[PDB]
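Written below as structure tokens is the structure these notes are about.
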Amino acid sequence: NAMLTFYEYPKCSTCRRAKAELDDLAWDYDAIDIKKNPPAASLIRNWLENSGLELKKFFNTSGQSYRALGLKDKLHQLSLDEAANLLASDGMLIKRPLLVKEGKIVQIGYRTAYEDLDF
Ligand code: NA
């Protein structure tokens, strides 16, 4: 089982770019469909608590689920247990792609090349 877990979705242009880079680097990874098999709530909670990243960075703010639910108004009210439950309940709510190493979040989205992580 690969040290790297790559969460993606078919209709996701950034995911396709990121996966192409993983292939070019020949890094071992396990690709998981974030809608069919989202990360567990306990795992998401650990990221929310320990990554140092702000809560909103974990949400797919350009997606329908986020808009339809008005999370814009609600996010500042959520506890991290509440947010982890929410995210775990609908993979379409979660920012993608995600790159995870041995259970630890190492990159959300694809603003910078994975090679910079220097694994
Ligand atoms: Na990523």
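Taking the Cα atoms only, what angle lies between the long axis of helix 13-25 and the longest principal axis of the chain, rounded to 10 degrees? For helix 13-25, the angle is close to 30 degrees. Mean-square fluctuations from a GNM of the chain, with a 10 angstrom spring cutoff on Cα atoms, peak among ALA41, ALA68, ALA20 at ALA68.
About its Cα centre, the dipole of the chain is roughly 600 debye, where the only charges are +1 on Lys and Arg Cβ and -1 on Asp and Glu Cβ. Taking the C-alpha atoms only, the angle from helix 80-89 to the longest principal axis of the chain is near 70 degrees. For a modelled paramagnetic label at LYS57, 7 Å from Cα along Cα-to-Cβ, the residues of the stretch 16-47 in reach, with backbone nitrogen under 12 Å, are 47. Annotation: amide H-H contacts under 5 Å for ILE94 (H modelled 1.01 Å from N, sequence separation of 5 or more, or interchain): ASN60.
The local environment of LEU93, defined by Cβ-Cβ distances under 11 Å, has a net charge of +3 under the rule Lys, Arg +1 and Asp, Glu -1. Taking every C-alpha pair closer than 8 Å and separated by at least 6 residues, the mean separation divided by the residue count of the stretch 57-119 gives a relative contact order of 32 percent. Electrostatic tally near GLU8: other residues with Cβ closer than 14 Å to its Cβ, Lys and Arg +1, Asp and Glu -1, net +4.
Note on the chain: GNM, Cα springs under 10 Å; of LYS11, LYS104, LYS19, the largest mean-square fluctuation is that of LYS11. Take the chain, connect every pair of alpha-carbon atoms lying under 10 Å apart with a spring to form a Gaussian network, then pick out the residue of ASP90, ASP33, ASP73 with the largest mean-square fluctuation. Comparing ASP90, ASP33, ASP73 in the GNM, the peak value goes to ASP73.
Estimated from helical segments only, the mean residue ellipticity of the chain at 222 nm is -9500 deg cm²/dmol, where each DSSP H run of four or more residues counts as -39500 (n - 2.57).
All C-alpha to C-alpha distances of the chain, sorted into 10 Å bins beginning at zero, yield P(r) values of 13, 49, 31, 7, 0 percent in whole numbers. Its relative contact order, with pairs defined as Cα atoms under 8 Å and 6+ residues apart, puts the chain at 37 percent. Counting only alpha carbon atoms, the long axis of helix 41-50 and the longest principal axis of the chain meet at about 90°.
Please note: Cβ atoms are built from the backbone with ideal geometry, for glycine as well, and neighbour counts cover all protein chains shown. Each value in this text was obtained by applying a stated rule to the coordinates, not by laboratory testing.
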